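What follows is the residue order along each chain.
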Number of protein chains: 4
Amino acid sequence: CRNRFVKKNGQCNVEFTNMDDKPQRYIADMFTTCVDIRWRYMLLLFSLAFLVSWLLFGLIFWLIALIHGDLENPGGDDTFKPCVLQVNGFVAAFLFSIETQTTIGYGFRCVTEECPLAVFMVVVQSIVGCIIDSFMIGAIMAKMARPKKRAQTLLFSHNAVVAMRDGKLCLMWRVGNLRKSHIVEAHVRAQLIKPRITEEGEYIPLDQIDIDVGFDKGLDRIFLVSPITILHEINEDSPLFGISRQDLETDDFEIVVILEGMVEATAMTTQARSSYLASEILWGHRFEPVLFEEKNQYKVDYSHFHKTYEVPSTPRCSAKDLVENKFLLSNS
Amino acid sequence: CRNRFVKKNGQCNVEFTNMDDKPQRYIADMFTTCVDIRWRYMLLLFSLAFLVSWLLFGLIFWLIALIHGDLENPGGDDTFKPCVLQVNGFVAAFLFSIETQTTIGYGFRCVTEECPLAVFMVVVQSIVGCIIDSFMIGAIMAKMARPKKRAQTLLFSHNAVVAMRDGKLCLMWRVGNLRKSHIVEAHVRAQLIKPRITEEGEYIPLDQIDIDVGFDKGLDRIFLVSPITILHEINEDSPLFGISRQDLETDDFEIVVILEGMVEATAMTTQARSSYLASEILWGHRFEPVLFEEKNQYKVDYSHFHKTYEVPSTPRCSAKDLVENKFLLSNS
Amino acid sequence: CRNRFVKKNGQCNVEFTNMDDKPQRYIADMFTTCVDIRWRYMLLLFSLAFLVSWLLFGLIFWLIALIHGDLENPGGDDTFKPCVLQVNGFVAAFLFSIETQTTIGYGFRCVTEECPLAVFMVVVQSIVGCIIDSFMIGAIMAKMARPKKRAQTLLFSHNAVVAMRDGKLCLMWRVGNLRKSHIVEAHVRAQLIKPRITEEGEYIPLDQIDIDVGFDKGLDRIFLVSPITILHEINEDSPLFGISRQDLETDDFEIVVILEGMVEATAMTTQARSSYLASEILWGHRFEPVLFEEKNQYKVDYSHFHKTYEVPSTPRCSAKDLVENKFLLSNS
Amino acid sequence: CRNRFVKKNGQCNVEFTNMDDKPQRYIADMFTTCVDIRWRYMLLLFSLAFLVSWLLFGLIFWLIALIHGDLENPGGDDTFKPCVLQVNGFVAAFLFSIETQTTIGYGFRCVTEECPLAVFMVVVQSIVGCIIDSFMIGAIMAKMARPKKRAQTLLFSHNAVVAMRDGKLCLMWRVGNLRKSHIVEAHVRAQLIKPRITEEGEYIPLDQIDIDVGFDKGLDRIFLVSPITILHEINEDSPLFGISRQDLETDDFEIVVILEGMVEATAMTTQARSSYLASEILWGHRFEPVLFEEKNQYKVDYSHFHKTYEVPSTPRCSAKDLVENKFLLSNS
Ligand SMILES: [K+]
Ligand SMILES: [K+]
Ligand SMILES: [K+]
Ligand SMILES: [K+]
């Protein structure tokens, strides 16, 4: 009866455990994780970094002010010039650190030509400042631009159907584009998922078996404007070959459907997924047409996308029987 | 007689309606939309964000100035130090907010060490400032760099022709590069569009049928320097197999041509398209050569690109007849 | 005798003329051109933009200062507050414009709360400022990162050779990686270039004919660490099938070799090219091995890369003859 | 006995020498190198650039201050206005240079309307400033984002095994994903590495021979969630065809395994590698299942990933013998 390996939203149902090296391997790939975490976390993270550099330098400057004796003479006089003007304490040293690294530079607190170490520190802090910004930009740039978001404007039919097209019995499901932007170099893939035991007695917890959508003839490549109906012809080499309408309400297995393509604007490949259980496949049905001609253009009614209608003319046996039977009649 | 599913510019003629979830699905993919809108909109949008953060913080600062009693003593004295110097009112609080977030920091209005909340607010606003900038950069970066713009320096012939090459009857159309930059890993695809009814009585509003350009042999991949003429050999497995010159002025259908490749500079796939109606296909014609040798290099005259000439030697029947007839003569 | 369509550096020898729409099509694709121009031009271009916005706003501010009467009272007094402090003339108005847009904000020239138009202008200029920066970043980012630069660390043999390998006569040329960085998902392509006339009497100025490197079997995909020798087996379906050693010093044609792959760091496809004329192909030679085992690793001597040695055992006739002859001996 | 061409981490064991043009070819591709060097080097490099521009301009400003006579009158008076206020010497000129290029602009040192050359210099320095930043961003952006880092969250089995599946003798190794992020458009490749001599007596130091993973049928493409076991069927066309269990402890050769795919977030192809020596291949073993059903989802125990168990039922001869023998029994 259960269960489902890929959910309908495409989300995969599985978890990794006892991975061992996970910590040290994630440090090297660390950038990859950083961009998948919630915004608030990536942000708080960066503000944490800012805050830390501001405090660090602030301390240096305050230390410098303390030792130089600026805390007691922040503004100096004819006989005395402070390292950095107007640093009277911690908060003052803090403010100056921020003003410097942010490049606001109000100027009320200001470096003088006196201390080479203060000057140096400012130099270092400036450079540092650029570095952190650069990381933030890249991170934000990257995360903002993730192509997996496009998979949410792509659509699969809630069900898959089996039915005759041009003398052949075919498993079909539908796909559609919810944006007027194109999916470039798009193509599809399908797989039958279920556990099995090889004739040698080897148990495969879940075997993934290719469902042929026409890859060989280059037919898995699609041009997607209006919703396309995807066809798997069930034949000798099909994993569904010996399955009939009654085997559908009995058998336990899963079909996984994939759509890969490039977001038109960024040319970044996105991968959309969904799944049909044997109990989500409608035998003897056909998809309702979503496309019609309004005279000087075409329109797509998306409310008909998921809808199917009964075709009582449809055979209830397997392709296998269907074929075999043909060769009794034709054989006699 | 009508109509056309893809226009000649490649623009697709169709519209989506009754999409349902459109709003909630567009929010998750929201970045994808943001980059396709007109510049002025993306910009005004960002300036809207800036303006909003400036006003927001300005209010905070003004509120802080008001309560602290700075509005009445903006410059302070020996006994009194304001939260932020020189904020006498709304506009002053506004100016300071901008100066801070932009990092101009003229310094006439300046934070003091007095209020931790003012200090904090400045901290927050600074961080915020970086965040908005980062988004703007990414957005601008992205939109500026869109690869679909390259499709406008790529070219299709205004017409397609049918004619004999090396003993075979072929549908041909032409493609060309208008930049001296290359289209990397380029390849082509073709499809016949028209409504049809399966032998089972199923209506397909528009069926998309592959036109073989040599995909199987890897011949759909092209190296495009000078204009290339693309050939579809019309044979047993061709959708045009049973079509003759007279069927061209009668029949209603459409041929869709695609060119996919990578912009040399960004290596981002662009997809160019165009279309030929049965009435835009010239039977019995041939393309005028645009390439000639000037002795130590080659030149392309692009004014000859679209031009075709009559070949009266050309057969007016279908490949089907042509073949079948060959097997009467050779059969007798 | 001449000439060469692709030079040895990969540079293509051809020019486009009479393109017509070139100007209006380049405006839409305008970004693509901007990144291919020399640095100095892209830079001067941007500094031109900066300079133009600084001058524009400077004028506005100066106009505002003039009308308000600030030019005569730049510092104001108890009874008079200028729009922007310390603007006494053109250069002053200019300096302030720059200080504002650059966010330096020394603060000597500073906006006051008086003029909403000055304030507004500052607002506008700030926003504008960000916009130009963003473009510069993207442009610089893009151009700096162009993948076509990697093609200069990729290498082709100065000559191609023909010779026997495992009982088959093969055209071979060599390729090599000059960086320890990998070329990801790399593959090769070859083509024979030369003008020809179809049996129908149609002249093709230059026909491009695929040279099979094993694409069908997936053998055109290579893993390139040490230099690889690329093999074209000359057989029935080869365009070189009927060519012998003597036809090489006579015939005029060209072979074009391509290597496509992804720069490991940016995963951006680069395309490297080179060319062999019939007179650059060495019949009866073999490449000198550049790889040898030094015991706990391997080394590549690149000075042997281009070198070839004579194999007098090599047949001087065409594959065609070679085959045909085999079937006399075996036929008698 | 030795040695290994690709290490187990994927690192390649080889070195390039006598490359000749290496310096001039690396200058054109210079960006590619810059991003592979250690952070500290790329950073120090950039800080070097900053420091150099600060010093350069500082000198100009100091020169200008010197000649104008500002060094003796940094603050000016009613009758005298300095080029740049408050530059009394070298360090002062330095500080101002930094303040300007960084856009901090404290304002204590400030340009006046007096010198057009000082003004000009500031203009130039500002523009320059933007330029360097832009490069730093791009560099940091790029390097931070390198897709080769993802290959460290991808996994190969420590050993490869040979064993029967569904009546066929197969070489198998395992692959797994250590992140819950997907590897998009992933596919695999395998190759047998070893030196050989063609029947013509030509020595190939290392020949790379394709191991068929199902490329022809499109089966080399995988959907990787849980660890997949990769199968090479050993048959007539297999390079391992004539190899038996005893040939494994004798022969010296290497098998190289590759996994190519796209980092889900950036859609940038990464290439992962590893290697199995004839002595790292376990004949007669089978992989321990890492996947099991916990009722409403699936889990992967990664500690079982590398583990194999003995299958005494396994034949010790080559596929060749195995086949040939079948045709004695069936032949008699
Ligand atoms: K500033
Ligand atoms: K200032
Ligand atoms: K600033
Ligand atoms: K400032």
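About the cut-offs
- Residues numbered from 1 in each chain as written, not as in the entry; some residues may be left out.
- Chains lettered and ligands numbered in written order.
- Heavy atoms only, no water.
- Residues with missing side-chain atoms left out of burial classes, pairs and counts.
- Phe/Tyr/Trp six-rings, centres within 6.5 Å; stacked < 30°, edge-to-face > 60°.
- Helix = DSSP H or I, 4+ residues; strand = E, 2+ residues; numbered from the N terminus.
- Buried < 20%, exposed > 50% of the residue type's maximum accessible area, 1.4 Å probe, protein only.
- Least-squares fit on C-alpha atoms.
- Contact = heavy atoms within 4.5 Å.
- Nonpolar A, V, L, I, M, F, W, Y, C, P; charged D, E, K, R; others polar.
- Pairing = 2+ DSSP bridges.
- Salt bridge = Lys/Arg side-chain N within 4 Å of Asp/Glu carboxyl O.

By the method listed in its record, X-ray crystallography, this PDB entry was determined to a resolution of 3.307 Å.

Quick word on the packing of aromatic side chains
For the structure on display, the rule yields 32 aromatic pairs over all chains. The interplanar angle of 35° and the centroid separation of 5.5 Å between the aromatic rings of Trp39 of chain A and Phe135 of chain B together place this pair among those described as tilted. A residue pair is termed interchain when its members come from two chains, as with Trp39 of chain A in helix α3 (residues 39-68) and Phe135 of chain B in helix α5 (residues 116-144). Under the relative-accessibility criterion, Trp39 of chain A is labelled partly exposed at 32%.

Re the relation of the copies chain D and chain A
Superposing chain D onto chain A requires a rotation of 90° together with a translation of 0.0 Å along the rotation axis, leaving an RMSD of 0.0 Å. The relationship between the two copies is best expressed as a four-fold rotation axis. A share of only 13% of the interface residues of chain D reappears at the interface of chain A, consistent with the copies meeting through non-equivalent patches.

A few points about the interface of chain B and chain C
Opposite the 71 residues of chain B that make contact, chain C presents 76 residues. Residue contributions to the side of chain B that touches chain C peak at 7 residues, all from helix α4 (residues 90-102) of chain B. Class assignment for the residues of the side of chain B that touches chain C results in 37 nonpolar, 17 polar and 17 charged. In this sheet, strand β1 (residues 15-17) of chain C lies alongside strand β15 (residues 298-301) of chain B in parallel orientation, the contact comprising 3 bridges. Its bridge partner being in β1 of chain C, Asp301 of chain B is matched across the sheet by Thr17 of chain C.

Regarding the pattern of salt bridges
Any two side chains of opposite charge can pair, on the condition that their charged atoms come close. Summed over the entire model, instances satisfying the criterion amount to 64 salt bridges over all chains. Among the ionic pairs, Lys81 of chain C bridges to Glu113 of chain C, the shortest N-O distance being 2.8 Å. Taken as a pair, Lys81 of chain C in the loop between α3 (39-68) and β2 (84-85) and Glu113 of chain C in the loop between β3 (110-111) and α5 (116-144) lie far apart in primary sequence, 32 residues in all. When its relative accessible area of 33% is taken as the criterion, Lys81 of chain C is described as partly exposed. According to the relative accessible area criterion, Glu113 of chain C is buried, its value standing at 18%. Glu114 of chain C is the partner of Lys81 of chain C in a salt bridge, and the nearest nitrogen-oxygen pair spans 3.5 Å. Of this pair, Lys81 of chain C sits in the loop between α3 and β2 while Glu114 of chain C sits in the loop between β3 and α5, placing them 33 residues apart in sequence. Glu114 of chain C gets classed as partly exposed once you look at its relative accessible area, which sits at 38%. Residues participating in the shared-partner salt-bridge network are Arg4, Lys8, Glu254 and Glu280 of chain A.

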